[PDB]
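Only one chain is shown below, in structure tokens, and it's the form solved without the named molecule.
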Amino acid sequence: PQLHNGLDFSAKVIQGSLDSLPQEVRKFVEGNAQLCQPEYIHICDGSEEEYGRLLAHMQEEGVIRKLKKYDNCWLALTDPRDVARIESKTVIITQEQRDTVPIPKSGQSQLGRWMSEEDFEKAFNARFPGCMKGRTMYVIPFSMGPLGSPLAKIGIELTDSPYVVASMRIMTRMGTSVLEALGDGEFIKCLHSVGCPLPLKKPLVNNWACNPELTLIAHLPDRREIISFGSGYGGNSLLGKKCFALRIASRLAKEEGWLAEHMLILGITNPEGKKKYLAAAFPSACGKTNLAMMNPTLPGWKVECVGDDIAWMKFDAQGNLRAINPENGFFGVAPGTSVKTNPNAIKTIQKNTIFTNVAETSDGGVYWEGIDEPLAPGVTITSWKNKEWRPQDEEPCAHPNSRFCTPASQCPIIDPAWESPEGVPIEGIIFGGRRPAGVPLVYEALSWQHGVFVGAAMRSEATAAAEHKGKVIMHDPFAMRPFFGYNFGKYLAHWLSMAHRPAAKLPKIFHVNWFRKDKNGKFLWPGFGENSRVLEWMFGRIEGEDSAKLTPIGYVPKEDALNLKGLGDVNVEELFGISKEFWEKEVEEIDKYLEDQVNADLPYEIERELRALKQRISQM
């Protein structure tokens, strides 16, 4: 069927067989092999042997280090210019801008970043032709969600990065069994390249191939394509992790009547043996991993982790909002993780874990800010920049965005249902932020519509990065600000429509704030495992207990409804205080923010909830 060789790349295949691929997977591979011109094609099978060989080969080539202190753990150090998501180079392509993002009244949108098809085609043509010369194109067949879950979705990621293959093995279900489940079905096309064809035009920094100048992370939801170039890091390269499971998935969910959210899922069991599942959307590094892996301090309470980052949710036939964790691993922020803050996370990462941009002890161990483990005299620290490091230095030993990548099955409190194909029934949805002033420990929404407004109005103190210096308070609606797959106003409309589904078992909605400070700057609430005392109250409110008092912002716990025994003197007046003056300012800021950033796409229900909140505050 060819006059020469076709687009038959069989001669370059060093693992697997092209003849064994479903026809459309094969066309995807060969079409992109022609474009990108890899030296080799490796069709991943997902086997332990493949994984071990891959790691051993990366070690030999100097791309990763084996950490000799642990069982099968590895360290990658990156080029300092490739250490995080780059928001300003992450884009969504649609025919109409407004389908992707509301048109902001001033400045740049904070809620999305559109690129025209025309501009994207020009960007694509300047990057991908020949970009894998000299390299292997890996074909990663992967399932987001348990294989054969009705909520699962399948992608194929092409990458030139073996780091990406190894990380994707942990973070997704991948290999031959996914191709067998796919058959001739639809899949999400995921194309990635580090953008460094051989021979190198510039020297490598830390043996880490990237192209910072040309980095571009693009999404084409209508084409079911994700196309990422020039970064090997995290959410730019592991295309399941944000591009697929939030950005593409949230647009599919809008089309198909489900939800793709930035939420942890936990199961909580009380002393009576009653269990509920909760979902929580917290702006990142607020303690998602912390809540989902909590060791509760209250006797007889248990928390089990279904997921710590992404939730796919859909109503079942009985009206329960069912959630699955579509991932297979945790890609957690390393700094701050310790035996005191998160002993379960520490147990998880003891083995079979890939670390990125943390410090290394002369031991062959790992280190970072906040690890809270002293080292023996003489044990030294190599920073993530491959330099000797002493605490005296201004710089951190580990990058602030450094990561562990670890199998979910190794979490010592992984929920028995964490892979159940039908998902777990969500009875509560928790929104949070870090707010040093004004916002009390916990409150409960007055209605579904109020609950959606609570999510839409979320703000949080975030550590200023390459966009800000110091802490900054930013709007992060539904903890989804960087992740919306489409116009945020339509996303709110989609949430609001859930109230209209007949016989829906709508979860209770709450907001929490672990980080309120008192008049001279100290934390009012100890947090960590003591947060179980707040989950207890939510649990009782889901059961309809008469434990709540009405306030202008929502229901709060009645006096003495919280178990505070053992906490010493809690300043309840300040912790649970509601200031008219603070809340007048909060509602005015939310009004300005929604008008500027959402304007004509804001649902009238949300504007009504703002109006109503304004009025309940006026009457204080």
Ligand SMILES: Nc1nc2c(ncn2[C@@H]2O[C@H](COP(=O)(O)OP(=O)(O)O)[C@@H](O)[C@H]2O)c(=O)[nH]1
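Residues that one form lacks are left out of the comparison. Numbers for residues come from their place in the sequence shown, where the first is 1. We call the rigid core the largest set of C-alpha positions that still match within 1.5 Å between the two forms.
- Higher mean CA B-factor, judged across 311-319 and 285-293 from the recorded values: 285-293.
- Set 16-24 against 605-613 and average the Cα temperature factors; 16-24 ends up higher.
- Comparing the listed residues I64, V587, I553, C44, the entry records the largest Cα B-factor for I64.
- Per the deposited record, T361 carries the highest C-alpha B-factor of all listed residues (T361, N357, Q110, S116).
- The PDB entry assigns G230 a C-alpha temperature factor belonging to the lowest third of its chain's modelled residues.
- For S167, the recorded CA temperature factor ranks within the lowest third of the chain's modelled residues.
- For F330, the recorded CA temperature factor ranks within the lowest third of the chain's modelled residues.
- Among all modelled residues in this chain, the alpha-carbon of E373 has a temperature factor (C-alpha) in the highest third.
- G185: CA B factor lies in the highest third for its chain, per the PDB record.
Below: the form solved in complex with the named molecule, not depicted.
- Figure legend: unbound chain with the named molecule modelled from its position in the deposited complex by local C-alpha superposition. Site blocked, with three or more ligand atoms within 2.4 Å of backbone or C-beta atoms.
- Interface membership of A285, defined by any non-hydrogen atom within 4.5 Å of the named molecule in the deposited complex, is confirmed.
- Mapping the unseen interface onto this chain, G540 falls outside it, with no heavy atom inside 4.5 Å of the named molecule in the deposited complex.
- With a 4.5 Å cutoff on heavy atoms, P421 does not count as touching the named molecule in the deposited complex; it lies far away.
- Interface membership of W114, defined by any non-hydrogen atom within 4.5 Å of the named molecule in the deposited complex, is ruled out.
- Interface residue among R533, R481, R434, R127, judged by heavy atoms within 4.5 Å of the named molecule in the deposited complex: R434.
- Comment: the named molecule is not present in this chain, but in the deposited complex one of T78, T289, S193, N325 has a heavy atom within 4.5 Å of it, namely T289.
- Note that among 507-515, 379-387, 105-113, 442-450, the stretch whose heavy atoms approach the named molecule to within 4.5 Å in the deposited complex is 507-515.
- Regions where at least three consecutive shared residues each shift by 2 Å or more at the C-alpha between the shown form and the other one, after core superposition, reduce to one span, 284-287.
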